[PDB]
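Quick look at input_9.pdb (PDB, C-alpha atoms):
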ATOM      1  CA  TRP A   1      25.028  83.384 120.627  1.00  0.00           C
ATOM      2  CA  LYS A   2      23.944  82.335 117.136  1.00  0.00           C
ATOM      3  CA  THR A   3      25.946  80.094 114.805  1.00  0.00           C
ATOM      4  CA  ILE A   4      25.654  80.069 111.014  1.00  0.00           C
ATOM      5  CA  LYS A   5      28.066  78.823 108.350  1.00  0.00           C
ATOM      6  CA  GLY A   6      30.627  78.045 111.033  1.00  0.00           C
ATOM      7  CA  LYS A   7      31.117  81.685 111.988  1.00  0.00           C
ATOM      8  CA  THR A   8      30.812  83.858 115.092  1.00  0.00           C
ATOM      9  CA  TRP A   9      29.987  87.504 115.790  1.00  0.00           C
ATOM     10  CA  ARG A  10      28.514  87.763 119.286  1.00  0.00           C
ATOM     11  CA  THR A  11      25.254  89.720 119.416  1.00  0.00           C
ATOM     12  CA  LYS A  12      24.102  89.250 123.010  1.00  0.00           C
ATOM     13  CA  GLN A  13      25.548  88.184 126.360  1.00  0.00           C
ATOM     14  CA  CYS A  14      25.365  84.385 126.383  1.00  0.00           C
TER      15      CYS A  14
END

Starting from the file, lay out its structure as structure tokens.
Amino acid sequence: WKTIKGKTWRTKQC
């Protein structure tokens, strides 16, 4: 997934 400002969220299926 994407990483910004040391935070997660999960958008797709890595």

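For residue 2 in chain A, the set of protein, DNA and RNA residues having any atom at most 8 Å away, when counting only C-alpha atoms and skipping those fewer than 6 positions along the same chain, is residues 8, 10 and 11 of chain A.
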
Give me the result of the PyMOL selection byres ((chain A and resi 14) around 8) on this file, residue by residue, as a PDB file with C-alpha atoms, keeping the file's coordinate frame.
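part_30.pdb, written as the output of this step:
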ATOM      1  CA  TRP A   1      25.028  83.384 120.627  1.00  0.00           C
ATOM      2  CA  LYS A  12      24.102  89.250 123.010  1.00  0.00           C
ATOM      3  CA  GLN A  13      25.548  88.184 126.360  1.00  0.00           C
TER       4      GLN A  13
END

With 4 Å on each side, where is the centre of the axis-aligned box around all listed atoms of range 2-10 of chain A, and how long are its edges in Å to one decimal, as lines of an AutoDock Vina configuration file?
center_x = 27.5
center_y = 82.9
center_z = 113.8
size_x = 15.2
size_y = 17.7
size_z = 18.9
